[PDB]
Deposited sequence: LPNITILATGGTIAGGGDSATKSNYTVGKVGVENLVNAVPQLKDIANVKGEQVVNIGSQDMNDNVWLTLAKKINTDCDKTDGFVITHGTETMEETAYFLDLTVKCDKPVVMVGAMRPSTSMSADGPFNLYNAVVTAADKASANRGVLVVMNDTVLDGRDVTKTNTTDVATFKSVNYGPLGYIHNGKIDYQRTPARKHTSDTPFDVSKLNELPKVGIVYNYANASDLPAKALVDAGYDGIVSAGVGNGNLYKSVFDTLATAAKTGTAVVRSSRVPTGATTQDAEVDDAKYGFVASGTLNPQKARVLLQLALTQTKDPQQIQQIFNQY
C-alpha cells in the first residue's frame, strides 16, 4: 500500500481516516496541517511555503493530496504545476458543500483524490485537480460555476481522465511543459514579483491601472474584452507603463478561448505579451514567475508559448 500525504491548507472537507475509513483500503495515509485560511485569502506566502514543502518531503512518500478551498484553487494548482520539481503525483481537492450538509461532496472527492494520487498512471501528468469523478490538469482547469458541485472543468482542452469505481481511464495528458521541465525554482525565494490585474469594460476608468504603476508594480495583467482588447484609457496608461519597464500582459475576461498574439492589438509596437489561453488569474501566476527570470517582453512571450 502506497504512502500518501495529505497536506491541509484549510478547514476539513470531510467530517480524517476516521471521517473516511475507506481511505485505509487504498493507501497508508498520513496528514499535516500546513496552514489554515480561507482560499479567498490565498497569498504568495502560502504559495511559496507549499512548493517548498512538496520539494522538501518529496522522497518521504509516494504522492501528495492537497486539500484547498475552491475559490482560488485554480491559481494555486497552476503555480505548483509550474514550480514543483517532485516526480510524484500532486493532487488538489476541495468541496463545494460544507462537510456538515446533506450530500457533502467532500468525502468522495477526497477518496477519489487519494485514489488518483495513488495510481501509478497519474504520475508525469503535471499537478492534478480531482473533482466530481474527474481528473483535471492544473493548467487548463478553472471554476466555471459559483455553487454547483460540478464547477471544475478544463474549458479549453478538456479533462485528462474520468474515475469510476476507483479505476481511472486516462485518455489525455498535457503538452505544455510543466513541473521539473520548467526553469522555475522558488526554493530560494522569499517573495515574488508584484503583479496585478485590471478589468476592462465599457467606460473603463484608468485609475486602477495608474494606481498600480505609481506603486511601482513589476507587472500588470489586463483582463480585456473580446480577444484581448482594451478600453482607450486603460490602453494609453498601459502602453506608457510598458515603456517604463512594467511588464504588461494581455489576457481576457472571456472564460474560454485564447487571447491570440498580434491580432487585435499590435503587441510588437507596444511590447505587450499575449496570454494565449490563460485567464487573468493564471496569466498572473506565469508573469510572476517569468519576472524572476527575465524582464524582456520578447522573452516573456516565448514563456507564454511554452508553459
Inset, instruction - In sequence order, name the stretches of the deposited sequence that have no C-alpha in these coordinates. - result: 16-34
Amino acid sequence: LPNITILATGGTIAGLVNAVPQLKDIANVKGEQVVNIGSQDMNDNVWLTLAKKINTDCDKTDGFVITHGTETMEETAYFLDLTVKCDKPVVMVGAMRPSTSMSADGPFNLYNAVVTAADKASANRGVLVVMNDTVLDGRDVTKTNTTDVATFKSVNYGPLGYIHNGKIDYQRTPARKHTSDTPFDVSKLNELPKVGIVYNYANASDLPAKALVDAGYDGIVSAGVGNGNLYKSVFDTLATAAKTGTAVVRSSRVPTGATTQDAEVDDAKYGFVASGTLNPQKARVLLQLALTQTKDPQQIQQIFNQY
From here on, numbers count along this sequence of modelled residues.
Inset, instruction - Averaging the C-alpha B factors as listed in the entry, name the stretch that ends up higher: 52-60 or 278-286. - result: 52-60
Legend entry - Segment of higher mean CA temperature factor, 64-72 or 265-273: 265-273
Legend entry - C-alpha B-factor winner, where the candidates are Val248, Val34, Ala258, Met42: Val34
Inset, instruction - Name the one of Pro183, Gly138, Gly224, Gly161 with the greatest CA B-factor according to the PDB entry. - result: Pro183
Legend entry - Position of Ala241 among the chain's modelled residues by C-alpha B-factor, lowest, middle or highest third: highest
Inset, instruction - Among all modelled residues of this chain, ranked by Cα B factor, put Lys85 in the bottom, middle or top third, i.e. lowest, middle or highest. - result: highest
Inset, instruction - Taking the values exactly as deposited, rank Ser103 by C-alpha B-factor within its chain and report the matching third: lowest, middle or highest. - result: lowest
Legend entry - Third assignment of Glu191 from its chain's C-alpha B-factors: highest
Inset, instruction - Could you tell me which third, lowest, middle or highest, the C-alpha B-factor of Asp133 occupies within its chain? - result: lowest
